[PDB]
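We did not get these values from a lab; they are worked out from the coordinates using the rules stated. Every residue, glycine among them, receives a Cβ derived from its backbone with ideal geometry; neighbour counts consider all protein chains shown.
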Amino acid sequence: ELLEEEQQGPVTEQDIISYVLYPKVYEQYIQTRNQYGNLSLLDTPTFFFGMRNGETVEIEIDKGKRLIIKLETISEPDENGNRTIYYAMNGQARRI
Amino acid sequence: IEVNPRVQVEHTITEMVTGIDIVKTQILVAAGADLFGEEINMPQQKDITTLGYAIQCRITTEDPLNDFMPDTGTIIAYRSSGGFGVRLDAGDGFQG
């Protein structure tokens with residue numbers, strides 16, 4: 001009930017003892033997975049360092065399915081300290 | 001002159017004036033679908049007409065100023081048009 005109430009349904013038997021074994025640590029993983037998704041699919045260097053200008057990274061997602069991300073440039077911090085990253089993902093231009 | 005046993009580049013023209021999805025029909029015909037069944041819905045011959053007129057042309061890296069020599073370079077700017085009754089099928093022409 002506790003987990004199903006915090007999340008909204010899909011709670012397996014693995015979650016339960018994981019949580020019991022690691023109260024705070026499990027919760028934190030949930031916080032991150034909510035935010036960033038499945039990180040375990042990133043290549044290690046990209047996991048620790050991200051990317052550099054003009055670099056292209058393949059992320060294997062499923063047999064025949066993958067994200068191709070090129071990082072074009074990173075803008076200056078605007079008046080609120082946000083930087084605009086210029087991306088190209090799967091033949092489509094994106095901004096973050 | 002000849003027969004072309006397949007789709008051609010210029011097939012879009014016909015689709016617009018007859019209102020039939022040639023390409024979709026190809027998939028349905030291969031699947032075993034009867035023309036006059038419920039998937040293809042081919043009008044009977046004398047009920048197939050033309051609704052106005054349709055024109056196609058092609059944009060090629062051919063330079064008309066050098067006996068149509070297909071220039072090899074990079075696209076750094078691409079502005080497609082769009083419009084009601086306008087149809088764009090994008091090949092080698094995009095942002096990057």
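The P(r) of the stretch A:1-95 has a tail past 15 Å containing 73 percent of all C-alpha pairs.
Quick check: from the Cα gyration tensor, does the stretch A:56-96 come out rounded (a/c under 1.5), prolate or oblate? Prolate.
Rounded, prolate or oblate for the protein assembly as shown? Axes are the square roots of the Cα gyration tensor eigenvalues, ordered a ≥ b ≥ c, and the cut-off for rounded is a/c under 1.5. Here the protein assembly as shown falls in the oblate category.
Straight-distance candidates among the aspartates and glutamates for linking to B:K46, with alpha-carbon spacing under 17 Å and chain neighbours fewer than 8 residues away dropped: B:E15. Relative contact order of chain A, taken over Cα pairs closer than 8 Å and 6 or more residues apart, is 13 percent.
Between A:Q92 and B:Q45, the FRET efficiency from the beta-carbon distance, with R0 = 45 Å, is close to 0.55. Modelled spin-label separation between B:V7 and B:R87, with each label point placed 7 Å from Cα along the Cα-to-Cβ direction: 1.0 nm. Shape analysis of the stretch A:37-82 based on the Cα gyration tensor places the equivalent ellipsoid semi-axes at 25, 12, 10 Å, largest first.
Looking at the calculated P(r) for the stretch B:1-71, what percent of the C-alpha pair distances fall above 19 Å? Walk me through the numbers on the way to the answer.
Details: 1344 of 2485 pairs.
Counting every Cα pair in the stretch B:1-71, those more than 19 Å apart make up 54 percent.
Relative contact order of the stretch B:18-96, taken over Cα pairs closer than 8 Å and 6 or more residues apart, is 17 percent. Between 0 and 90 degrees, rounded to the nearest ten: what's the tilt of helix A:23-36 against the longest Cα principal axis of chain A? Roughly 30 degrees between the two axes.
Running a GNM on chain A with Cα contacts under 10 Å, which residue among A:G50, A:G37, A:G64 ends up with the highest mean-square fluctuation? Judging by the Gaussian network model, the answer is A:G64.
Please arrange B:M16, A:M89 by counting, for each residue, the other beta carbons lying within 10 Å of its beta carbon, fewest first. Could the numbers behind the result be given before it?
On the way: B:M16 18, A:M89 14.
Result, fewest neighbours first: A:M89, B:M16.
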